[PDB]
Amino acid sequence: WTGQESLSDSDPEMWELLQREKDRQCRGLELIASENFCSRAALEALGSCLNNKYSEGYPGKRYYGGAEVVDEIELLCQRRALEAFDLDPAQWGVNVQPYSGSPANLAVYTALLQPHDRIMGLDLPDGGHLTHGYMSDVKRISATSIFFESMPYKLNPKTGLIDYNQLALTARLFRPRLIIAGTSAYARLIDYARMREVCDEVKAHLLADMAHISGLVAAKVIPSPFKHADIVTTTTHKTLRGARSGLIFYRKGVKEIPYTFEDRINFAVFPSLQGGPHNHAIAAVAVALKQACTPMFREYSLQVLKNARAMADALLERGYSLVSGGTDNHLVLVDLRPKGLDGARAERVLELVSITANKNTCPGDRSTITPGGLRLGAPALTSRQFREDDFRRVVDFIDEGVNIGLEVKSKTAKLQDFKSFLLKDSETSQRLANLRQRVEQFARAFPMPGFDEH
Amino acid sequence: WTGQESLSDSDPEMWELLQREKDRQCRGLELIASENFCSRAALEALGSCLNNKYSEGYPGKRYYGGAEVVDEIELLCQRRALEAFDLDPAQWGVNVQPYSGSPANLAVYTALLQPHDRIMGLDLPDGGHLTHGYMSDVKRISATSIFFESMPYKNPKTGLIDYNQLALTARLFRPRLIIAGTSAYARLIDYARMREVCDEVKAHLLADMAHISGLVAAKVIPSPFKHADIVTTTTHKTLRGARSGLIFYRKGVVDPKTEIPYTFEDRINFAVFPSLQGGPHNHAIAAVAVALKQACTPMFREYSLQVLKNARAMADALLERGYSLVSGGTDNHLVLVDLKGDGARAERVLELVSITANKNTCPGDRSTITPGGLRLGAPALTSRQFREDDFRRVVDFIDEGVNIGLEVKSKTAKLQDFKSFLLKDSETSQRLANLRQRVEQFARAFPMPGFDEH
Amino acid sequence: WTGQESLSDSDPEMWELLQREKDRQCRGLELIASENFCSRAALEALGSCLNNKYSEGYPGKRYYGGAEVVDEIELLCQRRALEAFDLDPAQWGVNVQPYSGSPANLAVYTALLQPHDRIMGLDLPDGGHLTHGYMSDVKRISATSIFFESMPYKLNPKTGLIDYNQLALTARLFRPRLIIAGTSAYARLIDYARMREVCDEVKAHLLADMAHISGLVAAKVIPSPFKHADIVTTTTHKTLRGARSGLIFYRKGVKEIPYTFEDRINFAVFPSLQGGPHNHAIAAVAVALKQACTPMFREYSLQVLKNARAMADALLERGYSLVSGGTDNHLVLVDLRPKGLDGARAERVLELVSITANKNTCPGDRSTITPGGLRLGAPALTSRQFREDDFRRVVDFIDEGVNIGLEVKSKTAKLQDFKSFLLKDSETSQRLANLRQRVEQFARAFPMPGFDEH
Amino acid sequence: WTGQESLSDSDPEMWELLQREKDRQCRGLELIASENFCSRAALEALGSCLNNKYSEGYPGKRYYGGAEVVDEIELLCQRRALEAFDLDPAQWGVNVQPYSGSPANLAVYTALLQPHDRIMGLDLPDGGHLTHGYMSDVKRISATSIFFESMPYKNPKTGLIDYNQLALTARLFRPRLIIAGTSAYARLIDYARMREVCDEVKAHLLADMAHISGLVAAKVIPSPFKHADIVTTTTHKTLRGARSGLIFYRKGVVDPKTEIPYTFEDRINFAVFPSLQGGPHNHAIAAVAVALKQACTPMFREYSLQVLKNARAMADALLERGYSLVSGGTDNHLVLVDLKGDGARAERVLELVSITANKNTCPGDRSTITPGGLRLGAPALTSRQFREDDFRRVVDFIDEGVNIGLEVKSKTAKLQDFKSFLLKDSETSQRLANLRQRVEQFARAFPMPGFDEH
């Protein structure tokens, strides 16, 4: 035994499963807005010997030894994190140690707020994330709502946009100490300036979760939340096209009233919440971050917008509804209830063809288990050199998939009856197999970032 | 740009900086009990395309689609984890989604305890970790102490802990979960004693197997999986996998008067998602499944069986030459010196000679800035096929470093001037480089798991 | 020494002070809405040997002895508490042990809600009480807002009434577990049915604080909050005209879904919060409670309404503003800003004449230390056999007092300058002395409940 | 109806039922260490017209008007309280507004501690009270344990507490305030030991003088007012006043390196109002001011000096006839029997003979439903001018009751049949009424403080 053996030789069972996923990604139309395809250069850094380095602490302020050059990669990851978002190293710091996006948000709360302090974020069915404080009417399900007292703000159901007026009214009576300005399912750009004015009135910190749109912010193709918010969090595996980690950006220097964000946030990530940093992920983020400073990444993010706008205008002419009218970023929200189908049936219909999407509730729904919409993303296929005409054909396969699920809903009743009919009825099982072949052949022709084997 | 370019061509920086890490892992003898050198097969799954998949949920119940492959990779890792520790699938279940060891422990707290409820663990300055409930008496450091009221447990004479002063403070603090785990402790823990002492106070037994994880899977050191109810661990230490976490929870059933099932697996799986974290790191789940398959092989048990006799030979070689073991022996994998002359003084002279360790507070130390004890680790170099006479030489290499350090401790002034004249004086850098030379020549000759370049 | 000596003989210093207060109450026009004049029969029961009886527990469920006949007075106090409000002894229980109104509300919260649970009450400047959860924009000042998370609902500034629509909107997003339906400064009757509909939608307990209006509810001259709310609290020293204590009324029996209010509320008062019950106060409340069942008390409460309505219509013809238009209960809220004077100056002007009132903020004020209104009560003087024509003359003295403070504000600037000018300037000091004599001579002619000496 | 009618004419019920209470207080010998017979002068101020005044606020800063008299009555009570315990007004302040002893203690917790912060007091089954932080290990009883995490302190051999096991659990629980008070304990508390043990753990010393309040004012028992920082007490026990509470807090200043004032009096006065309670009970504040004026007289010290030698004669008379004192003596005012034969069995046979006591858990009792110890009290009958030979007779009266109880304990079946055959069997009611007869004839002959009728 030496540990240098091959995965294909040491574990052919796992190498087979790990090889069956790559072809599914090659043959599938990934429309999930949160998913991308990480480059090869960042993946071989994520699966490297940096997994074998304990660097608890921070560069210079390490508690153990052996972090000679590991400190240099964390400083490199910090220096290009600010460079990718055009930040002064004297006015903005960055913490690269968050394991993912969810631990990144929890670190901001523990650093700035006391337990049971008041949190305001967009409600989950309206487009907010779990970590922005979410509670059902039955019990608290997000830990942000267990350790802190959260209260959500809703959309304007007429326009589908965030009700900034209702947020101003609600914050004046709830008196939050931190308001989250970030989205998981929202086609337009958040008015971060209006957010800042509401925060300054009730004396609250403005946290901007840049997770879905950070790649567009890095390319400067959409307004940057750094110009109004003073605490920015983001994942690095969505539009950033890197490994699964998290970044926390904070103001630094003087606000002389000093900005006291640098010391508490770094203390919340370690030693409060996390322990050993995933240095293999840090270097993978830094590889993707320097890719974000290149003119290629701006051309990539510019294409993600027009690709989402292309499918958005493509779905409209087919007779589809889009909440908030259309789209200004990377994801479109299709409203399926005007056509007689719901997101639950459509998500299962499109998945059996390898068009991976996700259900999403629409303003006005009262069903939970049967949402009337889907969230379709662009940056996944756009990294595969997809362009406008390619996304127009993606929607053509969507419609022919929706049209299938429409006639199946006429032959079936409950949702449990629906998923059993798509696999039993060979007349529909063959009709689904035809679009599957016609979708997988259209998808394999496009290049795929990363390794060609695994 | 396609995303398939090599790291050496795309980021010529990050390529060199990582090759300096693998060089350091080969140039030096790593002896931090928590560190290890993972196998090449597992890291290929760590740098996989599974980094791209969003699989929020669990096998069976998932909120997305296109998860056909990752579902079987997760169920494979759960079955490989249950087999690696010889657990009946009907009596035990495992969640394989925690990002690391620290998040795995916080998930068990959120699941079984309400906010500000009471836990008990051995103190960090007494051989514990931050995630067990450590507060600095002037500040609440870890989030284990901010969201849950923890009482630190600590006997300095026996070298062991005070396993009945814990029972003394048990009924007077009345905890709901006591932690039986170690971060810097050389002896075993009476797992039959920790259980009944939790039953008389109506508490839950939590075993944090993070350091002993390998010595338990190989059935060479007694296991907690029939005395404890919930078990958390790292896939990092002694298991030689990627950096992630595991939560071993009981499952199943007897109320003979007037049926009594376990209530664990629905709450801890809800704590991991959607409470604490979001999208699982499938590349980490697949990587640790490779290490778990290796853990069921006799090649891993003989590797484990070597670690104990390597640590025993490590302590005896130090015992035979004027060094006190803070236990009277060690069946674990680490040592505990009483450096009869301090702790923080040895690390600087070691890491400059390409040998890294960490400070350790010995029972009786009145300080924390200049402690008196080093914790050296066997699993790291044992994975490089180190054996008895190979480790006996390692204790002789530290000998010349500690013996030169005792000469610098006789000079200079406080800890600041210790590290000052080392990288400044001309004559002192002679024994620095000579001992580093022979240490590098002795280390590079051993095989190194993982890739050859990165 | 024997302890049977007279207060006039044992302590002539305290007997002098205690005698100077009674004449101030005899000579003064008490317009504070929360104040009344307790009868002699209830006062000599409040200052009796029942002070010398430890009866911790409840009748029958006593922990010590000696409560032979003390148990009978608590059952008598309970039986007439329900009788005074026309409650079925099988559908309503009552706890008479609360020391006062503030401990009564805190007992309801601790019995029904967990720490940091969500509370909704009327904001303090809008007419709510402290114990209904009040927080400034700077810090939490009420213990209800420290142990529980409170959020206030506001008035409709156009109509001066509670904004039930905004409360329905706010409760749907705040998700409270208890909503308070009670007032301290509100001239109209709360729509308790609308309150109940909002509580049943967000699944919250409806607590009605009957403190100011319980005498009107006992006489059945205003709608009873018992017909919609299931938890009712009240003081017994306002319109109840008894000692200073508190009552908690709760549903009992079946809601078979049982009502689980009786056991938890009785446990929160004792042993959770309070200790030894003030049995002298319990019997004093029972004396006043049986007075509330008499036809005299209904004629008294009927007069309190028309006396408040008389002064309300009297103030209107003098050119005064009343928020919410007028009055439907016992207290009128005068808005003084249309006349150029504020409640701070008027309260000090009327106090120096022995017309005791209190400042009160008005909808739209932004001054705190200079409120633009006053809260004038009726049940205090109405118990002195005051009638409509008498209250019309009370307002005549008010106007001539306001007219004084109007011309003083022209000769002065800051509020600290104002209170120093009313005592220095002998030209105004004599003008105030004239209305003082003309007010005290009008007040002494009316009878005064209680002892004629102390 | 005018409100000036006597209680005997208005409520002929309540008149008779109270005269049965004074009859019972005269017919029987009260020996509950907490009970007392208040003076006639204080109760005249308790049944005063000050019950009618709303004086929310403090002398100087009040939110109302017409408080000229009650302001001086409050400042008089503060000065009489500082003098009664010999405190410099510049070094000590007192708040006289707590409704009772339990609210006074909760106010000190809210003022100096944040929610869920940590306190330490002696356990209720070990001689404590609920307000010191008692939880039933299966439920959190007192609100001291619901809003603050309390650890109960407890040595059964010495009879005393374990005054260094408290130090054993001190640094391991790290409280912010330890309580030095007693509800059922016969010895004194080392006040110099409680202070330094709180200083090494950075805690506050709270002395709850509720039972020893009289023995401290008379300067016959050592005082905590130069070792402790905050002191709470009842005006009820040994002080022979109305039922209320007092909060003695330090005030004033020394930072010789690089001025250091006390930070107590602004927070505890804010905790009493407007945090916890609202309107003060001015009739109680005036009543206790009368008892405080009596406490500064030599007639009260010789009364106090009698209580100790009465309790010492009470214990020695019991010691001389086969009874064990749970201390080895008593300098307090209470006893502690080991009833060598139970506790709950004696109270029923006593209160039926017109002598009342209470259960007391002796160190070593495995039960709580049938404890083994009675706590008899001296201050009650000492106030009736009881002396040595008078109390020596009281121990001889209980003798025949306990000796008949040992015969019933030899019969019947469990505690249920003990009290069953007492009020049912014909022959058993003979020694019942005979011993009650001579006990009533012996009790009615002594003078009784307070009024003659009520």
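Read from first to last, the chains carry the letters A, B, C and D; within each, the first residue is number 1.
The rule is simple: contacts are C-beta pairs under 8 Å (C-beta built on N, C-alpha and C of every residue); 3 or more make two chains touch, one makes a residue touch a chain.
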Degree value of the rotation bringing chain B onto chain D, based on Cα positions, nearest 5: 180
Centre-to-centre distance between chain B and chain A (centres being mean Cα positions), rounded to whole Å: 31
Inter-chain centre distance, chain A versus chain C - centres from mean C-alpha coordinates, in Å: 55
Contacts with 2+ other chains: residues of chain C: 116
Overall pattern in which the protein chains touch one another (line/ring/star/complete/other): ring
Chains grouped in pairs wherever the two touch, ordered by label: A-B, A-C, B-D, C-D
In the complex with chain C, residue positions of chain D that touch it: 1-7, 10-11, 13-14, 17-18, 20-22, 24-25, 28, 30, 32, 34-54, 63-66, 68-70, 72-73, 76, 99-103, 106, 110, 115-116, 129-131, 141-143, 146-147, 236, 240, 242-243, 270-271, 274-279, 281, 283, 286-287, 289-290, 293-294, 299, 303, 347-348, 350-351, 356-359, 383, 385, 447-452, 454
List of chain C residues in touch with chain A within their complex: 116, 118, 135, 137, 149, 151-154, 170, 173-175, 202-203
